[PDB]
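# Observations on chain architecture
Chain residues, written in single-letter form:
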6 protein chains.
Amino acid sequence: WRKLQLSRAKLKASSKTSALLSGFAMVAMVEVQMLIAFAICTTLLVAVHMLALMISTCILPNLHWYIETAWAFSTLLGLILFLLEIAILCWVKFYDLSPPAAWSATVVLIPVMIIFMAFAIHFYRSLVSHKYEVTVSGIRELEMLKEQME
Amino acid sequence: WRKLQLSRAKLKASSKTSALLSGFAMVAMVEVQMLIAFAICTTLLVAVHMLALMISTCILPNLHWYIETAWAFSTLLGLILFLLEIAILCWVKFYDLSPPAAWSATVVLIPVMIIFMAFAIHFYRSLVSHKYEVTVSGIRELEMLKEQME
Amino acid sequence: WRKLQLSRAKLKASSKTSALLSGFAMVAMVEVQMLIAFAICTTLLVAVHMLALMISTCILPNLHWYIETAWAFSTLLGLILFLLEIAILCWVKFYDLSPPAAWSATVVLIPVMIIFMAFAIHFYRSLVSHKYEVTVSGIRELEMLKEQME
Amino acid sequence: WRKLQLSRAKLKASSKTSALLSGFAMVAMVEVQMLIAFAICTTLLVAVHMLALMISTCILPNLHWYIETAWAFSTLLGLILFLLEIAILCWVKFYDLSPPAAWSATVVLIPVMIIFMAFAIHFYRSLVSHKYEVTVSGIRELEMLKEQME
Amino acid sequence: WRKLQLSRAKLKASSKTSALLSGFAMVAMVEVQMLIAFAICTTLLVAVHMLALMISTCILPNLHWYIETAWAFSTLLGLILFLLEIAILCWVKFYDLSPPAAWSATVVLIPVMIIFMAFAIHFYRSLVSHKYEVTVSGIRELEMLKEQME
Amino acid sequence: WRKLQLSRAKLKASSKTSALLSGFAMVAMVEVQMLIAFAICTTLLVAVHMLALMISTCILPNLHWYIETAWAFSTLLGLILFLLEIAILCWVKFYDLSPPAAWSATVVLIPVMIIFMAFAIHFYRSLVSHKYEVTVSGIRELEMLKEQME
């Protein structure tokens, strides 16, 4: 039952978060209407969420770990892009009269971005260690029974 | 119970995702206000979601696999269109003074689009193999009982 | 329990879908600000969803089949209208400078609209046949018991 | 359990429907920026939903029929107003150059509005009769036991 | 179980209602861009919802009645403000050419506002009486057992 | 079961609240298009929510207290920023013709901000005391059994 709820909660959140970000980012682009980066960022950001949303639909009818990677990787990737998107927006909006303030947006972007990716590495690192930790402990216990077995 | 939740979760997500995309895409069009493609893409994109939403309503009161195809196919088709829609938007917004940056939008579109369709093929391919895999295994087990039966 | 969930899921989806479409369509109209059709379509579309939403509220406290017709009919009717609405929007937005592209919107509208209504007819047709199918089978079984009864 | 779900489903739908309508109607007003009616309609519409939303909050901690009236009456009243609001919007947007089309909006409004209120009367009328129907049937059964009792 | 659901339903509704109102009110302000009141009302309204949202987050990990007051008071306070906000918006939008219609907005505001606060007083008054009612009934029953006890 | 629901409810609310605020704040910035503060505030605000949303995704597959800190701290931090964001918006919008009224926005901001942070301190302070309160009571009870044990 715990596993069923995990997918259920993940399905709604992923769709809700991915859909809104795509729509708002899209509208944000039309309102204003580095130069090349803005176009590429918006397109890539939307595509990532779309592919992820598809995963929610394909999994419904239904290797499991492989597909899981796509959902986690895409959702995470999209979030980072959204962060990159807003930074560009400020640069684009202020780009006309506000160029002076525009720089602060990207400069302050680096700090949070680094911590964002760095924090993920630490969490993952600890997880990997646990996998190995259990492996050593598991075989150890079996040997205990095996030894006494003889 | 597992089957009931599958439809329940799919119903909300499909409606939430399809509805928002339709509304935002619609508004995105009015804000700005290849040339012909923009009009066709928007209309087709919305229609796909609408038909899908209807499926959610018709199934509520209630061959099952046939209807399922419409929901999965439409939702997937709409997502691809939304991706095509945003690419056109950038081309439309920048189309005036920004034509130079405009190309990057469509050029970067090809990459994601290919993977989008290609990935679906792989997932489906594996599924088809499983159907056959079970067929061979099933008849095999029955023969086992049949042979011993004699 | 299966019946309770059916209404519960239907209540949320109907409200979420009907509300958003009404709001977006409303805003889409103010942004731009055949000519007569645009005004009539928007008003009628919103009214349908409103009446439907009311059904969700009235049923909460609580012939059952009769009211059900209003919910299914209204929701379905509204969806078709939303499709008609977007087609008009393209015609309205492009109508000024965009006439070249405007036509494609309505022309491509016909295809999806036809299939939309046509598909509903097929599904309903199969359902009606089932109702008659059961009737024949039901009386048949009773006769079996009736004959042996004598 | 059936009663608990009734309130739970009603709480979410009421809040979701009332909140969105209030926000969109509010934004619709700022975009454009009979004359007096537009101002009064918008303010009254929002107030109705707000009071209703409060009901959802006040009932959470917790005569029951009395409060129920406020929720049903307010939600229903607000829906009717929203319908009146959109009609005014078309009249306001087109009011400048579009007056010819503006009339169709209000004219087509009367039809749906009438049926909207008229339909409610029929449903309520049937309900009232049922209450009396049970009253007569109930006393009748008791008399049956009373007569045989002697 | 009844208590758990009460908080669960309250958590989602509060967040959904508070978040949307804050966002729309914020956008409504940028679109148009008494004079001083408009600025103060918007800031205060948003702050109230934010603090409330925090309550939802802080309570998750977890005197209970004290915190409850903040949620109910803030949510209720915010709703009243939202009502005050829309009235100001009409006054602001029409303030230019529409001053004549502007007055009707605030004038019609008084009626609903009065009933809003007044209705709350009646509901609370009845609740207080019940608390005392039970107190008298409780001691009475105990005395009954106490008397017969001797 | 109580613990499972806690995370489930927290997951949806966090995503819904964080996503909407990010989108609206983003759009609010494009509509208008201290000077430097506006750019920094918007970028930082969005980044906080994004990192938080990631937490919802990473925890799904799965020290527990450590990660919990990120979710609570980020969500809370973002809310405060949103409050700071709106204050800047008023200052930015009125900044042109409205400078006079602009001050009232920030001045009235201080009051709510102080109470916002101050209130959290009191709640946390009481919690800490309880932790120590239980510690003293716990050891005390064990001694009772320990003494009688001898």
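The record for the entry shows the title "The CRAC channel Orai in an unlatched-closed conformation".

### Things to note about the interface of chain D and chain C
At the junction of the two partners, chain D supplies 37 residues and chain C supplies 37 residues. Secondary structure elements with two or more residues in the side of chain D that touches chain C: α1 (2–32), α3 (64–94) and α4 (99–149) of chain D. Here the side of chain D that touches chain C gets 15 residues from one element, more than from any other, and that element is α1 of chain D. Looking at side-chain class alone, the side of chain D that touches chain C contains 27 nonpolar, 4 polar and 6 charged residues.

### With respect to the packing of aromatic side chains
A full pass over the atoms with the stated rule returns 27 aromatic pairs over all chains. For the pair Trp-1 of chain D and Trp-1 of chain E, a centre-to-centre distance of 5.8 Å together with 40° between the ring planes defines the contact as tilted. Here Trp-1 of chain E lies in the segment before α1 (2–32) and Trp-1 of chain D lies in the segment before α1, a pairing that spans two chains. Centroid distance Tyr-66 of chain D to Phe-119 of chain E: 6.3 Å. Interplanar angle 45°. Geometry classified as tilted.

### Details of the packing of helix α3 (residues 64–94) of chain A against helix α1 (residues 2–32) of chain F
As a packed pair, α3 of chain A and α1 of chain F sit with axes 10 Å apart at the nearest point and diverge in direction by 15°. Judged by the angle between their axes, α3 of chain A and α1 of chain F are roughly parallel. Note on packing geometry: the crossing formed by α3 of chain A with α1 of chain F is left-handed. Within the contact between the two elements, α3 of chain A uses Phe-82, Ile-86, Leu-89, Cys-90 and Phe-94 of chain A and α1 of chain F uses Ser-22, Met-26 and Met-29 of chain F.

### Focus: the interface of chain C and chain B
Contact with chain C, which involves 31 residues of that partner, is made by 35 residues of chain B. Contributions of two or more residues to the side of chain C that touches chain B are made by α1 (2–32), α3 (64–96) and α4 (99–149) of chain C. Top contributing element to the side of chain C that touches chain B by residue count: α1 of chain C, with 11 residues. Here the residues of the side of chain C that touches chain B sort into 23 nonpolar, 3 polar and 5 charged.

### Considering the relation of the copies chain C and chain B
Relative to chain B, chain C is turned by 60° and slid 0.5 Å along the rotation axis, the superposed coordinates differing by an RMSD of 0.4 Å. Taken together, these values place the two copies in the relation of a six-fold axis.

### What about the packing of helix α2 (residues 35–59) of chain A against α3 of chain A?
Residue and element names in this part refer to chain A. Where α2 contacts α3, the two axes come as close as 8 Å, and the packing angle between them is 155°. Considered as vectors, α2 and α3 are oriented roughly antiparallel to each other. You can see that α2 and α3 cross each other, and the crossing is left-handed. Its residues assigned to classes, the contact of α2 with α3 shows 19 nonpolar, 4 polar and 1 charged.

Criteria and cut-off values
- Residues numbered from 1 in each chain as written, not as in the entry; some residues may be left out.
- Chains lettered and ligands numbered in written order.
- Heavy atoms only, no water.
- Residues with missing side-chain atoms left out of burial classes, pairs and counts.
- Contact = heavy atoms within 4.5 Å.
- Helix = DSSP H or I, 4+ residues; strand = E, 2+ residues; numbered from the N terminus.
- Nonpolar A, V, L, I, M, F, W, Y, C, P; charged D, E, K, R; others polar.
- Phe/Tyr/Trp six-rings, centres within 6.5 Å; stacked < 30°, edge-to-face > 60°.
- Axes fitted to C-alpha atoms, helices over the stretch in contact; angles between N-to-C directions.
- Parallel < 35°, antiparallel > 145°, perpendicular 65-115°, else oblique.
- Left-handed = near helix turned anticlockwise from the far one by under 90°.
- Least-squares fit on C-alpha atoms.

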